[PDB]
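File shown: data-v2.txt. Contents: compact mmCIF, C-alpha atoms and all ligand atoms.
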```
# COMPACT_ATOMS: atom_id res chain seq x y z
CA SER A 7 -39.61 -28.22 9.77
CA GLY A 8 -40.04 -32.04 9.96
CA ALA A 9 -42.28 -35.00 9.05
CA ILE A 10 -43.35 -38.57 10.13
CA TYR A 11 -42.86 -41.37 7.54
CA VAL A 12 -45.01 -44.45 8.22
CA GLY A 13 -45.82 -47.06 5.55
CA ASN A 14 -46.88 -45.21 2.37
CA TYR A 15 -47.71 -41.99 4.25
CA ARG A 16 -45.97 -38.68 5.09
CA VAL A 17 -47.42 -36.68 8.04
CA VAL A 18 -46.55 -32.96 8.12
CA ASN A 19 -47.86 -29.67 9.69
CA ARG A 20 -50.67 -28.58 7.32
CA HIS A 21 -49.33 -24.96 7.30
CA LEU A 22 -45.93 -26.24 6.05
CA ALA A 23 -47.26 -28.79 3.44
CA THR A 24 -45.61 -28.43 -0.03
CA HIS A 25 -47.18 -28.46 -3.58
CA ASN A 26 -46.25 -32.17 -3.82
CA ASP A 27 -48.01 -32.89 -0.45
CA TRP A 28 -51.20 -31.20 -1.78
CA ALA A 29 -50.94 -33.01 -5.19
CA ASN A 30 -50.69 -36.40 -3.37
CA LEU A 31 -53.19 -35.48 -0.58
CA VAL A 32 -54.72 -38.40 1.43
CA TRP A 33 -56.34 -36.38 4.28
CA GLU A 34 -55.98 -32.93 5.86
CA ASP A 35 -57.56 -31.21 8.83
CA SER A 36 -57.13 -27.44 9.29
CA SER A 37 -58.48 -27.70 12.88
CA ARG A 38 -55.65 -30.17 13.75
CA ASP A 39 -52.90 -28.40 11.65
CA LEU A 40 -52.28 -31.88 10.03
CA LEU A 41 -51.93 -33.09 6.45
CA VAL A 42 -51.09 -36.59 5.25
CA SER A 43 -49.76 -37.21 1.72
CA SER A 44 -48.90 -40.48 -0.07
CA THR A 45 -45.26 -41.50 -0.74
CA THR A 46 -43.62 -43.86 -3.26
CA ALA A 47 -41.15 -45.29 -0.69
CA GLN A 48 -42.02 -47.22 2.51
CA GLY A 49 -41.57 -45.17 5.71
CA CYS A 50 -39.98 -46.72 8.80
CA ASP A 51 -41.34 -44.66 11.74
CA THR A 52 -43.52 -46.53 14.31
CA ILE A 53 -46.68 -44.78 15.66
CA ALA A 54 -47.49 -45.19 19.37
CA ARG A 55 -50.93 -46.58 20.35
CA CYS A 56 -51.11 -45.59 24.05
CA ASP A 57 -52.17 -42.82 26.52
CA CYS A 58 -48.58 -41.81 27.63
CA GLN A 59 -48.31 -38.24 29.00
CA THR A 60 -44.47 -38.20 29.15
CA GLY A 61 -41.98 -38.37 26.32
CA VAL A 62 -39.08 -36.61 24.56
CA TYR A 63 -39.29 -34.02 21.74
CA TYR A 64 -36.78 -32.59 19.26
CA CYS A 65 -36.19 -28.80 19.47
CA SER A 66 -34.47 -27.42 16.26
CA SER A 67 -34.00 -23.89 17.79
CA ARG A 68 -31.72 -25.53 20.40
CA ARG A 69 -30.40 -28.62 18.43
CA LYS A 70 -31.47 -30.68 21.48
CA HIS A 71 -34.06 -33.25 22.64
CA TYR A 72 -35.98 -32.52 25.86
CA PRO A 73 -38.02 -34.73 28.19
CA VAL A 74 -41.55 -33.35 28.85
CA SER A 75 -44.82 -34.07 30.68
CA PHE A 76 -47.71 -33.16 28.32
CA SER A 77 -51.49 -32.78 28.55
CA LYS A 78 -54.01 -35.14 26.85
CA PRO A 79 -55.32 -34.28 23.33
CA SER A 80 -57.81 -31.41 23.66
CA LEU A 81 -59.34 -28.27 22.08
CA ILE A 82 -57.07 -25.33 22.83
CA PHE A 83 -57.30 -21.68 21.68
CA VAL A 84 -54.39 -20.77 19.40
CA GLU A 85 -53.51 -17.08 18.78
CA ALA A 86 -53.62 -15.51 15.30
CA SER A 87 -50.70 -16.12 12.91
CA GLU A 88 -49.77 -15.65 9.20
CA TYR A 89 -51.21 -19.16 8.46
CA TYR A 90 -54.50 -19.17 10.47
CA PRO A 91 -56.97 -16.71 12.00
CA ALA A 92 -57.39 -16.99 15.84
CA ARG A 93 -59.16 -20.35 16.49
CA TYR A 94 -59.49 -23.56 18.54
CA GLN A 95 -57.11 -26.29 17.36
CA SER A 96 -58.19 -29.85 18.28
CA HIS A 97 -56.12 -32.95 19.30
CA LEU A 98 -53.44 -30.63 20.77
CA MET A 99 -51.17 -31.49 23.78
CA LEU A 100 -49.28 -28.78 25.75
CA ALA A 101 -46.00 -29.00 27.69
CA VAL A 102 -43.76 -26.50 29.44
CA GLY A 103 -40.72 -26.19 27.20
CA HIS A 104 -38.82 -24.01 24.75
CA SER A 105 -40.19 -23.56 21.23
CA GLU A 106 -39.82 -21.04 18.33
CA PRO A 107 -41.82 -20.86 15.02
CA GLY A 108 -39.24 -22.91 13.07
CA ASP A 109 -39.58 -25.74 15.62
CA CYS A 110 -42.85 -27.04 13.95
CA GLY A 111 -42.45 -30.60 12.75
CA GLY A 112 -40.09 -31.71 15.57
CA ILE A 113 -41.19 -35.18 16.69
CA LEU A 114 -42.48 -36.10 20.17
CA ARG A 115 -41.78 -39.71 21.15
CA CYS A 116 -42.57 -42.07 24.09
CA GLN A 117 -41.28 -45.73 24.60
CA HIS A 118 -44.12 -46.95 22.27
CA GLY A 119 -43.22 -44.76 19.28
CA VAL A 120 -44.10 -41.45 17.63
CA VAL A 121 -46.77 -39.51 19.60
CA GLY A 122 -47.08 -36.28 17.59
CA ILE A 123 -45.30 -33.32 16.03
CA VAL A 124 -44.64 -29.68 17.32
CA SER A 125 -47.40 -27.39 16.02
CA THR A 126 -47.79 -24.41 18.46
CA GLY A 127 -45.75 -22.61 21.18
CA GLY A 128 -44.65 -19.42 22.90
CA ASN A 129 -44.54 -18.00 26.44
CA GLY A 130 -42.42 -20.92 27.60
CA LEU A 131 -44.97 -23.46 26.25
CA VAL A 132 -44.86 -26.03 23.35
CA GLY A 133 -47.91 -27.70 21.73
CA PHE A 134 -47.96 -31.03 19.82
CA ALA A 135 -50.51 -32.22 17.22
CA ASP A 136 -51.35 -35.82 18.31
CA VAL A 137 -51.34 -38.65 15.71
CA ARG A 138 -51.98 -41.76 17.98
CA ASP A 139 -55.74 -41.85 17.09
CA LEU A 140 -55.03 -42.10 13.31
CA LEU A 141 -55.11 -45.92 13.30
CA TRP A 142 -55.30 -46.03 9.46
CA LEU A 143 -51.65 -44.82 9.18
CA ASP A 144 -50.79 -48.54 9.95
CA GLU A 145 -52.99 -50.28 7.33
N1 LIG A 201 -50.80 -24.52 14.79
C1 LIG A 201 -50.77 -23.22 14.55
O1 LIG A 201 -51.79 -22.53 14.48
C2 LIG A 201 -49.40 -22.65 14.23
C3 LIG A 201 -49.37 -22.17 12.77
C4 LIG A 201 -48.02 -21.58 12.43
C5 LIG A 201 -47.73 -20.42 13.33
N2 LIG A 201 -47.74 -20.85 14.73
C6 LIG A 201 -46.71 -20.46 15.52
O2 LIG A 201 -45.65 -20.08 15.05
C7 LIG A 201 -46.91 -20.47 17.02
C8 LIG A 201 -45.57 -20.51 17.70
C9 LIG A 201 -45.08 -19.42 18.43
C10 LIG A 201 -43.91 -19.54 19.17
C11 LIG A 201 -43.23 -20.75 19.21
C12 LIG A 201 -43.69 -21.83 18.45
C13 LIG A 201 -44.82 -21.69 17.68
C14 LIG A 201 -45.00 -22.89 16.78
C15 LIG A 201 -43.82 -23.79 17.12
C16 LIG A 201 -43.19 -23.24 18.39
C17 LIG A 201 -48.95 -21.54 15.19
ZN ZN A 202 -46.60 -44.36 24.80
```
Would you give me this structure, written as structure tokens?
Ligand SMILES: NC(=O)[C@H]1CCCN(C(=O)Cc2cccc3c2CCC3)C1
Ligand SMILES: [Zn+2]
Amino acid sequence: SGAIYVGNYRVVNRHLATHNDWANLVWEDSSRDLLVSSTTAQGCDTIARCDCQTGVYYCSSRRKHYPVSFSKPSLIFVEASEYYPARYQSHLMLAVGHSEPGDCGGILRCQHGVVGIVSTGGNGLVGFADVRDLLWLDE
């Protein structure tokens, strides 16, 4: 579990979005596993606007943060699950690292700010849904 709070927006994994997220829907993209809802309070997270390929992510299944090198946002095949049929998920970045299903929503950060959130994993890999291209989150 986990979310990003920036301005009047809340960014969560689309498969974990609540009834309130869907009732206050701003934008969602099944292919990115992302959903943005509107909030009443002002969020304080800063979004990175860069092309960093190193950062640190939060791993709930270990209660630890880990440094990682990660790939650039790309189309990657994601195995079948209880939330989606087998498909290509876009704007996804992979890293070698520990991850378990309940790890979705853990934030990835670089020196510039929030890069993305955990969205896929397994076999000693971890995948992050990128948010750096969503320039509207800041206006
Ligand atoms: N984006 C998707 O299609 C996901 C939808 C929810 C289900 N999902 C996974 O649980 C994949 C997975 C396996 C093993 C470790 C981990 C994960 C996610 C977090 C770390 C994939
Ligand atoms: Zn950066």
Selection near residue 113 in chain A, 7 Å with all atoms listed in the file, sequence-local residues under 2 positions removed, as a ChimeraX atom specification:
/A:63-64,111,115,120,122-124
Residues near residue 85 in chain A, cut-off 12 Å, all atoms listed in the file, skip fewer than 6 positions along chain, as a list in words
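So the residues in contact are residues 91, 92, 93, 94, 95, 126, 127, 128 and 129 of chain A.
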For ligand ZN 202 (chain A), return the neighbouring residues as number ranges by chain (distance at most 8 Å; all atoms listed in the file).
A: 54-61, 115-119, 121
Can you list every residue of chain A that has an atom at most 10 Å from ligand LIG 201 (chain A), with its nearest atom pair and the distance in Å to one decimal, using all atoms listed in the file, ordered by chain then number, as JSON lines?
```
{"residue": "A:7", "atom": "CA", "partner": "A:LIG201", "partner_atom": "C15", "distance": 9.6}
{"residue": "A:19", "atom": "CA", "partner": "A:LIG201", "partner_atom": "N1", "distance": 7.8}
{"residue": "A:20", "atom": "CA", "partner": "A:LIG201", "partner_atom": "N1", "distance": 8.5}
{"residue": "A:21", "atom": "CA", "partner": "A:LIG201", "partner_atom": "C3", "distance": 6.1}
{"residue": "A:22", "atom": "CA", "partner": "A:LIG201", "partner_atom": "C4", "distance": 8.2}
{"residue": "A:36", "atom": "CA", "partner": "A:LIG201", "partner_atom": "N1", "distance": 8.9}
{"residue": "A:37", "atom": "CA", "partner": "A:LIG201", "partner_atom": "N1", "distance": 8.5}
{"residue": "A:38", "atom": "CA", "partner": "A:LIG201", "partner_atom": "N1", "distance": 7.5}
{"residue": "A:39", "atom": "CA", "partner": "A:LIG201", "partner_atom": "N1", "distance": 5.4}
{"residue": "A:40", "atom": "CA", "partner": "A:LIG201", "partner_atom": "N1", "distance": 8.9}
{"residue": "A:65", "atom": "CA", "partner": "A:LIG201", "partner_atom": "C16", "distance": 9.0}
{"residue": "A:66", "atom": "CA", "partner": "A:LIG201", "partner_atom": "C16", "distance": 9.9}
{"residue": "A:67", "atom": "CA", "partner": "A:LIG201", "partner_atom": "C16", "distance": 9.2}
{"residue": "A:83", "atom": "CA", "partner": "A:LIG201", "partner_atom": "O1", "distance": 9.1}
{"residue": "A:84", "atom": "CA", "partner": "A:LIG201", "partner_atom": "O1", "distance": 5.8}
{"residue": "A:85", "atom": "CA", "partner": "A:LIG201", "partner_atom": "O1", "distance": 7.2}
{"residue": "A:86", "atom": "CA", "partner": "A:LIG201", "partner_atom": "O1", "distance": 7.3}
{"residue": "A:87", "atom": "CA", "partner": "A:LIG201", "partner_atom": "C5", "distance": 5.2}
{"residue": "A:88", "atom": "CA", "partner": "A:LIG201", "partner_atom": "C5", "distance": 6.6}
{"residue": "A:89", "atom": "CA", "partner": "A:LIG201", "partner_atom": "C3", "distance": 5.6}
{"residue": "A:90", "atom": "CA", "partner": "A:LIG201", "partner_atom": "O1", "distance": 5.9}
{"residue": "A:91", "atom": "CA", "partner": "A:LIG201", "partner_atom": "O1", "distance": 8.2}
{"residue": "A:92", "atom": "CA", "partner": "A:LIG201", "partner_atom": "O1", "distance": 8.0}
{"residue": "A:93", "atom": "CA", "partner": "A:LIG201", "partner_atom": "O1", "distance": 7.9}
{"residue": "A:94", "atom": "CA", "partner": "A:LIG201", "partner_atom": "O1", "distance": 8.8}
{"residue": "A:95", "atom": "CA", "partner": "A:LIG201", "partner_atom": "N1", "distance": 7.0}
{"residue": "A:96", "atom": "CA", "partner": "A:LIG201", "partner_atom": "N1", "distance": 9.8}
{"residue": "A:98", "atom": "CA", "partner": "A:LIG201", "partner_atom": "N1", "distance": 8.9}
{"residue": "A:103", "atom": "CA", "partner": "A:LIG201", "partner_atom": "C16", "distance": 9.6}
{"residue": "A:104", "atom": "CA", "partner": "A:LIG201", "partner_atom": "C16", "distance": 7.8}
{"residue": "A:105", "atom": "CA", "partner": "A:LIG201", "partner_atom": "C16", "distance": 4.1}
{"residue": "A:106", "atom": "CA", "partner": "A:LIG201", "partner_atom": "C11", "distance": 3.5}
{"residue": "A:107", "atom": "CA", "partner": "A:LIG201", "partner_atom": "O2", "distance": 3.9}
{"residue": "A:108", "atom": "CA", "partner": "A:LIG201", "partner_atom": "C15", "distance": 6.2}
{"residue": "A:109", "atom": "CA", "partner": "A:LIG201", "partner_atom": "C15", "distance": 4.9}
{"residue": "A:110", "atom": "CA", "partner": "A:LIG201", "partner_atom": "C15", "distance": 4.6}
{"residue": "A:111", "atom": "CA", "partner": "A:LIG201", "partner_atom": "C15", "distance": 8.2}
{"residue": "A:112", "atom": "CA", "partner": "A:LIG201", "partner_atom": "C15", "distance": 8.9}
{"residue": "A:123", "atom": "CA", "partner": "A:LIG201", "partner_atom": "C15", "distance": 9.7}
{"residue": "A:124", "atom": "CA", "partner": "A:LIG201", "partner_atom": "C15", "distance": 6.0}
{"residue": "A:125", "atom": "CA", "partner": "A:LIG201", "partner_atom": "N1", "distance": 4.6}
{"residue": "A:126", "atom": "CA", "partner": "A:LIG201", "partner_atom": "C14", "distance": 3.6}
{"residue": "A:127", "atom": "CA", "partner": "A:LIG201", "partner_atom": "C12", "distance": 3.5}
{"residue": "A:128", "atom": "CA", "partner": "A:LIG201", "partner_atom": "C10", "distance": 3.8}
{"residue": "A:129", "atom": "CA", "partner": "A:LIG201", "partner_atom": "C10", "distance": 7.5}
{"residue": "A:130", "atom": "CA", "partner": "A:LIG201", "partner_atom": "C11", "distance": 8.4}
{"residue": "A:131", "atom": "CA", "partner": "A:LIG201", "partner_atom": "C11", "distance": 7.7}
{"residue": "A:132", "atom": "CA", "partner": "A:LIG201", "partner_atom": "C16", "distance": 5.9}
{"residue": "A:133", "atom": "CA", "partner": "A:LIG201", "partner_atom": "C15", "distance": 7.3}
{"residue": "A:134", "atom": "CA", "partner": "A:LIG201", "partner_atom": "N1", "distance": 8.7}
{"residue": "A:135", "atom": "CA", "partner": "A:LIG201", "partner_atom": "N1", "distance": 8.1}
```
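Checking A:14, A:75, A:48, A:30 one by one against residue 143 in chain A, counting only C-alpha atoms, you find the shortest gap at A:14.
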Set the distance at 10 Å and use only C-alpha atoms: which residues neighbour residue 45 in chain A once local chain neighbours fewer than 3 positions away are removed? I'd like the list as a list in words.
residues 11, 12, 13, 14, 15, 16, 26, 27, 30, 31, 42, 48 and 49 of chain A
Writer output for current selection, C-alpha atoms, as a tab-separated table (two decimals), in the frame of the given file:
```
chain	number	residue	atom	x	y	z
A	11	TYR	CA	-42.86	-41.37	7.54
A	12	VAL	CA	-45.01	-44.45	8.22
A	13	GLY	CA	-45.82	-47.06	5.55
A	14	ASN	CA	-46.88	-45.21	2.37
A	15	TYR	CA	-47.71	-41.99	4.25
A	16	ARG	CA	-45.97	-38.68	5.09
A	26	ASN	CA	-46.25	-32.17	-3.82
A	27	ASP	CA	-48.01	-32.89	-0.45
A	30	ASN	CA	-50.69	-36.40	-3.37
A	31	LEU	CA	-53.19	-35.48	-0.58
A	42	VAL	CA	-51.09	-36.59	5.25
A	48	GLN	CA	-42.02	-47.22	2.51
A	49	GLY	CA	-41.57	-45.17	5.71
```
CA of residue 71 in chain A to CA of residue 8 in chain A, straight-line distance in Å:
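A separation of 14.1 Å between them.
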Range 68-72 of chain A: axis-aligned bounding box, 8 Å on each side, centre and edge lengths in Å, one decimal, as JSON:
```
{"center_x": -33.2, "center_y": -29.4, "center_z": 22.1, "size_x": 21.6, "size_y": 23.7, "size_z": 23.4}
```
Ranking A:62, A:9, A:53, A:68 by minimum distance to residue 139 in chain A and counting all atoms listed in the file, which one comes first?
A:53
Please indicate the distance in Å from CA of residue 100 in chain A to CA of residue 33 in chain A, rounded to one decimal place.
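Going from CA of residue 100 in chain A over to CA of residue 33 in chain A, I get 23.8 Å.
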Minimum-distance residue to residue 80 in chain A, chosen among A:142, A:17, A:35, A:136 (using all atoms listed in the file)
A:136
What is the CA of residue 79 in chain A-CA of residue 24 in chain A distance in Å, reported with one decimal?
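Those two atoms sit 26.0 Å apart.
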